[PDB]
file input_12.cif (mmCIF, C-alpha atoms)
data_structure
#
loop_
_atom_site.label_atom_id
_atom_site.label_comp_id
_atom_site.auth_asym_id
_atom_site.auth_seq_id
_atom_site.Cartn_x
_atom_site.Cartn_y
_atom_site.Cartn_z
CA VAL Q 8 5.36 -53.18 14.56
CA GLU Q 9 5.42 -52.08 10.90
CA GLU Q 10 1.98 -50.55 11.53
CA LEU Q 11 3.00 -48.91 14.82
CA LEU Q 12 6.10 -47.26 13.28
CA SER Q 13 4.01 -45.62 10.54
CA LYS Q 14 1.35 -44.49 13.05
CA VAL Q 15 3.98 -42.78 15.23
CA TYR Q 16 5.39 -40.97 12.18
CA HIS Q 17 1.83 -39.83 11.39
CA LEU Q 18 1.25 -38.59 14.96
CA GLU Q 19 4.57 -36.71 14.92
CA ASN Q 20 3.46 -34.90 11.76
CA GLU Q 21 -0.04 -34.28 13.14
CA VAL Q 22 1.29 -32.82 16.40
CA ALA Q 23 3.74 -30.47 14.65
CA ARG Q 24 0.97 -29.31 12.27
CA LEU Q 25 -1.62 -28.59 14.95
CA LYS Q 26 1.10 -26.96 17.09
CA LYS Q 27 1.70 -24.60 14.16
CA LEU Q 28 -1.93 -23.51 13.86
CA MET Q 29 -3.35 -23.87 17.41
CA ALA Q 30 -4.38 -20.71 19.28
CA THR Q 31 -2.89 -20.56 22.81
CA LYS Q 32 -4.34 -19.16 26.03
CA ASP Q 33 -1.70 -16.44 25.78
CA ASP Q 34 -3.05 -15.47 22.32
CA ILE Q 35 -6.55 -14.88 23.71
CA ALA Q 36 -5.46 -13.38 27.04
CA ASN Q 37 -6.91 -9.97 25.94
CA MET Q 38 -10.39 -11.37 25.23
CA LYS Q 39 -11.97 -10.27 28.52
CA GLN Q 40 -10.71 -6.73 28.09
CA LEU Q 41 -11.94 -6.69 24.48
CA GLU Q 42 -15.39 -7.81 25.70
CA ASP Q 43 -15.30 -5.08 28.35
CA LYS Q 44 -14.58 -2.43 25.73
CA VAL Q 45 -17.46 -3.58 23.52
CA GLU Q 46 -19.71 -3.38 26.59
CA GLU Q 47 -18.41 0.15 27.35
CA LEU Q 48 -19.09 1.19 23.74
CA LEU Q 49 -22.67 -0.17 23.83
CA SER Q 50 -23.41 1.95 26.92
CA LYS Q 51 -21.63 5.12 25.72
CA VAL Q 52 -23.32 4.97 22.30
CA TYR Q 53 -26.73 4.46 23.91
CA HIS Q 54 -26.23 7.54 26.13
CA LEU Q 55 -24.87 9.56 23.20
CA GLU Q 56 -27.94 8.66 21.13
CA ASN Q 57 -30.16 9.89 23.96
CA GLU Q 58 -28.26 13.18 24.25
CA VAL Q 59 -28.25 13.77 20.49
CA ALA Q 60 -32.02 13.09 20.34
CA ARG Q 61 -32.59 15.74 23.05
CA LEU Q 62 -30.31 18.18 21.22
CA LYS Q 63 -32.11 17.60 17.91
CA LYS Q 64 -35.38 18.62 19.62
CA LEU Q 65 -33.87 21.73 21.25
CA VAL Q 66 -32.27 22.97 18.02
CA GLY Q 67 -35.41 22.13 16.02
CA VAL B 8 4.15 -53.85 21.64
CA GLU B 9 1.14 -54.37 23.95
CA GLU B 10 2.01 -51.03 25.58
CA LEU B 11 2.66 -49.25 22.26
CA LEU B 12 -0.67 -50.42 20.84
CA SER B 13 -2.49 -49.04 23.90
CA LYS B 14 -0.47 -45.79 24.11
CA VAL B 15 -0.74 -45.02 20.38
CA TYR B 16 -4.50 -45.65 20.50
CA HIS B 17 -4.97 -43.17 23.36
CA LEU B 18 -2.59 -40.67 21.73
CA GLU B 19 -4.63 -40.79 18.50
CA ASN B 20 -7.83 -40.13 20.45
CA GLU B 21 -6.20 -37.24 22.32
CA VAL B 22 -4.82 -35.64 19.15
CA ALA B 23 -8.14 -36.05 17.33
CA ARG B 24 -9.81 -34.41 20.35
CA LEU B 25 -7.35 -31.47 20.34
CA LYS B 26 -7.94 -30.90 16.62
CA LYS B 27 -11.72 -30.75 17.17
CA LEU B 28 -11.75 -28.50 20.25
CA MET B 29 -8.98 -26.02 19.41
CA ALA B 30 -9.29 -22.47 18.22
CA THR B 31 -6.75 -21.51 15.54
CA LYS B 32 -4.43 -18.69 14.40
CA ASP B 33 -7.19 -17.64 11.97
CA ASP B 34 -9.40 -17.00 15.01
CA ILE B 35 -6.60 -14.91 16.50
CA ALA B 36 -6.34 -12.89 13.27
CA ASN B 37 -10.10 -12.25 13.50
CA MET B 38 -9.74 -11.20 17.16
CA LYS B 39 -7.03 -8.72 16.20
CA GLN B 40 -9.25 -7.30 13.44
CA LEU B 41 -11.97 -6.82 16.04
CA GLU B 42 -9.54 -5.13 18.43
CA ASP B 43 -8.57 -2.67 15.68
CA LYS B 44 -12.26 -1.87 15.03
CA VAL B 45 -12.94 -1.40 18.74
CA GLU B 46 -9.97 0.94 19.14
CA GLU B 47 -11.22 3.08 16.24
CA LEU B 48 -14.70 3.13 17.81
CA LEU B 49 -13.41 4.17 21.25
CA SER B 50 -11.62 7.13 19.62
CA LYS B 51 -14.65 8.13 17.56
CA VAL B 52 -16.97 7.94 20.59
CA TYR B 53 -14.61 9.98 22.77
CA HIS B 54 -14.52 12.69 20.10
CA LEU B 55 -18.31 12.56 19.73
CA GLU B 56 -18.84 12.91 23.48
CA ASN B 57 -16.58 15.98 23.42
CA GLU B 58 -18.50 17.56 20.56
CA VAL B 59 -21.88 16.83 22.10
CA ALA B 60 -20.78 18.38 25.42
CA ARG B 61 -19.72 21.54 23.54
CA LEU B 62 -23.07 21.62 21.69
CA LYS B 63 -25.03 21.13 24.93
CA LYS B 64 -23.27 24.12 26.49
CA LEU B 65 -23.77 26.33 23.42
CA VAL B 66 -27.46 25.40 22.99
CA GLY B 67 -28.24 26.13 26.66
CA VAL C 8 9.94 -51.32 19.90
CA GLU C 9 12.01 -49.58 22.59
CA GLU C 10 12.75 -46.56 20.37
CA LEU C 11 9.02 -46.33 19.54
CA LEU C 12 8.14 -46.30 23.25
CA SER C 13 10.71 -43.51 23.65
CA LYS C 14 9.18 -41.42 20.84
CA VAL C 15 5.66 -42.11 22.15
CA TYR C 16 6.78 -40.95 25.62
CA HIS C 17 8.09 -37.67 24.15
CA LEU C 18 4.87 -37.36 22.10
CA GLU C 19 2.68 -37.86 25.20
CA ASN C 20 4.64 -35.08 26.95
CA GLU C 21 4.25 -32.80 23.92
CA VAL C 22 0.50 -33.46 23.70
CA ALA C 23 0.05 -32.86 27.46
CA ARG C 24 1.82 -29.52 27.07
CA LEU C 25 -0.37 -28.58 24.08
CA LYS C 26 -3.51 -29.62 25.98
CA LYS C 27 -2.64 -27.19 28.80
CA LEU C 28 -1.70 -24.31 26.45
CA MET C 29 -4.59 -24.84 23.96
CA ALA C 30 -7.20 -22.15 23.50
CA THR C 31 -10.52 -23.77 22.51
CA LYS C 32 -13.60 -23.04 20.41
CA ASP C 33 -15.72 -22.81 23.58
CA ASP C 34 -13.23 -20.26 25.03
CA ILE C 35 -13.67 -17.87 22.08
CA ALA C 36 -17.37 -18.74 21.70
CA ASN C 37 -18.36 -15.12 22.38
CA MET C 38 -16.25 -13.79 19.48
CA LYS C 39 -19.04 -13.94 16.88
CA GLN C 40 -21.36 -12.16 19.32
CA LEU C 41 -18.81 -9.36 19.74
CA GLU C 42 -18.28 -9.16 15.99
CA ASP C 43 -22.04 -8.68 15.48
CA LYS C 44 -22.27 -5.99 18.18
CA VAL C 45 -19.28 -4.16 16.74
CA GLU C 46 -20.82 -4.09 13.23
CA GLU C 47 -23.92 -2.51 14.76
CA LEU C 48 -21.78 -0.04 16.73
CA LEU C 49 -19.96 1.02 13.55
CA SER C 50 -23.32 1.80 11.95
CA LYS C 51 -24.63 3.67 15.01
CA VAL C 52 -21.49 5.76 15.33
CA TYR C 53 -21.67 6.61 11.60
CA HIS C 54 -25.21 7.90 12.11
CA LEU C 55 -24.25 9.80 15.28
CA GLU C 56 -21.36 11.54 13.51
CA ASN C 57 -23.71 12.59 10.71
CA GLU C 58 -26.35 13.98 13.13
CA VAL C 59 -23.76 15.77 15.27
CA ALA C 60 -22.20 17.36 12.15
CA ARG C 61 -25.67 18.57 11.12
CA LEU C 62 -26.36 19.99 14.59
CA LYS C 63 -22.93 21.66 14.68
CA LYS C 64 -23.74 23.37 11.40
CA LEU C 65 -27.16 24.48 12.67
CA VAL C 66 -25.79 25.81 15.96
#

call {"tool": "encode", "arguments": {"input": "input_12.cif", "output": "structure tokens"}}
result
Amino acid sequence: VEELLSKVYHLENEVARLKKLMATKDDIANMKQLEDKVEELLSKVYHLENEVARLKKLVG
Amino acid sequence: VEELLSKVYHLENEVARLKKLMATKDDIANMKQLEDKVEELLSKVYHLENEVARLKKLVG
Amino acid sequence: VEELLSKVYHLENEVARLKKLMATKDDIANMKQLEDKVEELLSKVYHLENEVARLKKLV
């Protein structure tokens, strides 16, 4: 019982500490939209590069 | 005591597991930094697309 | 013994709540990939801005 009382006090402290620093699902709720925007940027930059390359040849 | 011993044992395993699997507030800070970079990029790319369109018209 | 079982009961409830609300390392596993792509995008957009400025001047 002396052991079990100390262990519970340890767990209490451990739970409050990890609760303080744990990321929640709410915190990362935006992740899919962030990924989408990176994907959008990859495409738009690719197409911009192609257009700029064509323009660089036309201007000469 | 027989219950406590069993319950505390499982609780310790669960808490250890949570600590290992969890993402943290530091990861959230990093996500927010990335969001800020992406937002800047979206703005820059929009402006670039507008300039390129103007140049395409004027070169033609 | 009874008060310990009470505190353990509350703790089990707290842990179950945390387990359901937890975001995990596997969940954000794509974060480093996005970070790498974004660093490359920053570089590419820098170069695009430079080339567009040069073309604007020329035109």

call {"tool": "interface_residues", "arguments": {"input": "input_12.cif", "of": "chain C", "to": "chain Q", "cutoff": "9 Å", "atoms": "only C-alpha atoms", "output": "PyMOL selection string"}}
result
chain C and resi 8+11+14-15+18+21-22+25+27-31+34-35+37-38+41+44-45+48+51-52+55+58-59+62+65-66

call {"tool": "atom_distance", "arguments": {"input": "input_12.cif", "atom1": "atom CA of residue 49 of chain C", "atom2": "atom CA of residue 44 of chain Q"}}
result
13.8 Å

call {"tool": "calpha_fit_rmsd", "arguments": {"input": "input_12.cif", "fixed": "chain Q", "moving": "chain B"}}
result
1.2 Å

call {"tool": "closest_residue", "arguments": {"input": "input_12.cif", "among": "Q:50, Q:28, Q:20, Q:10", "to": "chain B", "atoms": "only C-alpha atoms"}}
result
Q:28

call {"tool": "atom_distance", "arguments": {"input": "input_12.cif", "atom1": "atom CA of residue 27 of chain Q", "atom2": "atom CA of residue 39 of chain B"}}
result
18.2 Å

call {"tool": "build_atoms", "arguments": {"input": "input_12.cif", "residues": "segment 38-58 of chain B", "atoms": "N, CA, C and O atoms", "output": "PDB file, in the frame of the given file"}}
result
ATOM      1  N   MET B  38      -9.720 -11.925  15.891  1.00  0.00           N
ATOM      2  CA  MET B  38      -9.740 -11.200  17.160  1.00  0.00           C
ATOM      3  C   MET B  38      -8.984  -9.879  17.050  1.00  0.00           C
ATOM      4  O   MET B  38      -9.444  -8.840  17.520  1.00  0.00           O
ATOM      5  N   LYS B  39      -7.823  -9.924  16.420  1.00  0.00           N
ATOM      6  CA  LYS B  39      -7.030  -8.720  16.200  1.00  0.00           C
ATOM      7  C   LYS B  39      -7.758  -7.703  15.297  1.00  0.00           C
ATOM      8  O   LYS B  39      -7.685  -6.490  15.527  1.00  0.00           O
ATOM      9  N   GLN B  40      -8.458  -8.187  14.280  1.00  0.00           N
ATOM     10  CA  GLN B  40      -9.250  -7.300  13.440  1.00  0.00           C
ATOM     11  C   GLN B  40     -10.315  -6.609  14.288  1.00  0.00           C
ATOM     12  O   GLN B  40     -10.563  -5.402  14.167  1.00  0.00           O
ATOM     13  N   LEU B  41     -10.935  -7.374  15.178  1.00  0.00           N
ATOM     14  CA  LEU B  41     -11.970  -6.820  16.040  1.00  0.00           C
ATOM     15  C   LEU B  41     -11.388  -5.798  16.993  1.00  0.00           C
ATOM     16  O   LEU B  41     -11.996  -4.746  17.216  1.00  0.00           O
ATOM     17  N   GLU B  42     -10.224  -6.093  17.573  1.00  0.00           N
ATOM     18  CA  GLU B  42      -9.540  -5.130  18.430  1.00  0.00           C
ATOM     19  C   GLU B  42      -9.304  -3.806  17.707  1.00  0.00           C
ATOM     20  O   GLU B  42      -9.507  -2.736  18.278  1.00  0.00           O
ATOM     21  N   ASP B  43      -8.838  -3.879  16.467  1.00  0.00           N
ATOM     22  CA  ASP B  43      -8.570  -2.670  15.680  1.00  0.00           C
ATOM     23  C   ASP B  43      -9.860  -1.845  15.468  1.00  0.00           C
ATOM     24  O   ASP B  43      -9.860  -0.610  15.592  1.00  0.00           O
ATOM     25  N   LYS B  44     -10.956  -2.532  15.152  1.00  0.00           N
ATOM     26  CA  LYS B  44     -12.260  -1.870  15.030  1.00  0.00           C
ATOM     27  C   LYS B  44     -12.728  -1.231  16.314  1.00  0.00           C
ATOM     28  O   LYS B  44     -13.232  -0.110  16.314  1.00  0.00           O
ATOM     29  N   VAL B  45     -12.548  -1.933  17.427  1.00  0.00           N
ATOM     30  CA  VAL B  45     -12.940  -1.400  18.740  1.00  0.00           C
ATOM     31  C   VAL B  45     -12.125  -0.171  19.120  1.00  0.00           C
ATOM     32  O   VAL B  45     -12.663   0.807  19.627  1.00  0.00           O
ATOM     33  N   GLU B  46     -10.824  -0.213  18.860  1.00  0.00           N
ATOM     34  CA  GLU B  46      -9.970   0.940  19.140  1.00  0.00           C
ATOM     35  C   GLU B  46     -10.384   2.171  18.337  1.00  0.00           C
ATOM     36  O   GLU B  46     -10.469   3.281  18.897  1.00  0.00           O
ATOM     37  N   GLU B  47     -10.681   1.988  17.058  1.00  0.00           N
ATOM     38  CA  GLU B  47     -11.220   3.080  16.240  1.00  0.00           C
ATOM     39  C   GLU B  47     -12.533   3.622  16.826  1.00  0.00           C
ATOM     40  O   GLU B  47     -12.741   4.843  16.898  1.00  0.00           O
ATOM     41  N   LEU B  48     -13.409   2.719  17.261  1.00  0.00           N
ATOM     42  CA  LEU B  48     -14.700   3.130  17.810  1.00  0.00           C
ATOM     43  C   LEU B  48     -14.557   3.930  19.105  1.00  0.00           C
ATOM     44  O   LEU B  48     -15.244   4.932  19.298  1.00  0.00           O
ATOM     45  N   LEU B  49     -13.685   3.467  19.997  1.00  0.00           N
ATOM     46  CA  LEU B  49     -13.410   4.170  21.250  1.00  0.00           C
ATOM     47  C   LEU B  49     -12.984   5.620  20.972  1.00  0.00           C
ATOM     48  O   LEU B  49     -13.467   6.549  21.636  1.00  0.00           O
ATOM     49  N   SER B  50     -12.093   5.800  19.993  1.00  0.00           N
ATOM     50  CA  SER B  50     -11.620   7.130  19.620  1.00  0.00           C
ATOM     51  C   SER B  50     -12.766   7.983  19.075  1.00  0.00           C
ATOM     52  O   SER B  50     -12.955   9.139  19.490  1.00  0.00           O
ATOM     53  N   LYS B  51     -13.539   7.404  18.168  1.00  0.00           N
ATOM     54  CA  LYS B  51     -14.650   8.130  17.560  1.00  0.00           C
ATOM     55  C   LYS B  51     -15.667   8.569  18.618  1.00  0.00           C
ATOM     56  O   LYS B  51     -16.148   9.705  18.595  1.00  0.00           O
ATOM     57  N   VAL B  52     -15.977   7.669  19.551  1.00  0.00           N
ATOM     58  CA  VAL B  52     -16.970   7.940  20.590  1.00  0.00           C
ATOM     59  C   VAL B  52     -16.473   9.007  21.577  1.00  0.00           C
ATOM     60  O   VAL B  52     -17.237   9.888  21.979  1.00  0.00           O
ATOM     61  N   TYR B  53     -15.194   8.946  21.939  1.00  0.00           N
ATOM     62  CA  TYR B  53     -14.610   9.980  22.770  1.00  0.00           C
ATOM     63  C   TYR B  53     -14.757  11.341  22.111  1.00  0.00           C
ATOM     64  O   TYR B  53     -15.191  12.305  22.748  1.00  0.00           O
ATOM     65  N   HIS B  54     -14.406  11.423  20.832  1.00  0.00           N
ATOM     66  CA  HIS B  54     -14.520  12.690  20.100  1.00  0.00           C
ATOM     67  C   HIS B  54     -15.971  13.170  20.017  1.00  0.00           C
ATOM     68  O   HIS B  54     -16.257  14.366  20.141  1.00  0.00           O
ATOM     69  N   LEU B  55     -16.879  12.233  19.787  1.00  0.00           N
ATOM     70  CA  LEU B  55     -18.310  12.560  19.730  1.00  0.00           C
ATOM     71  C   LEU B  55     -18.838  13.096  21.059  1.00  0.00           C
ATOM     72  O   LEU B  55     -19.605  14.038  21.084  1.00  0.00           O
ATOM     73  N   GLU B  56     -18.438  12.464  22.154  1.00  0.00           N
ATOM     74  CA  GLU B  56     -18.840  12.910  23.480  1.00  0.00           C
ATOM     75  C   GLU B  56     -18.347  14.341  23.702  1.00  0.00           C
ATOM     76  O   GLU B  56     -19.074  15.165  24.235  1.00  0.00           O
ATOM     77  N   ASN B  57     -17.126  14.628  23.274  1.00  0.00           N
ATOM     78  CA  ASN B  57     -16.580  15.980  23.420  1.00  0.00           C
ATOM     79  C   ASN B  57     -17.351  17.008  22.623  1.00  0.00           C
ATOM     80  O   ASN B  57     -17.636  18.095  23.130  1.00  0.00           O
ATOM     81  N   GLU B  58     -17.715  16.666  21.388  1.00  0.00           N
ATOM     82  CA  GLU B  58     -18.500  17.560  20.560  1.00  0.00           C
ATOM     83  C   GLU B  58     -19.906  17.781  21.100  1.00  0.00           C
ATOM     84  O   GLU B  58     -20.425  18.906  21.080  1.00  0.00           O
TER      85      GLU B  58
END
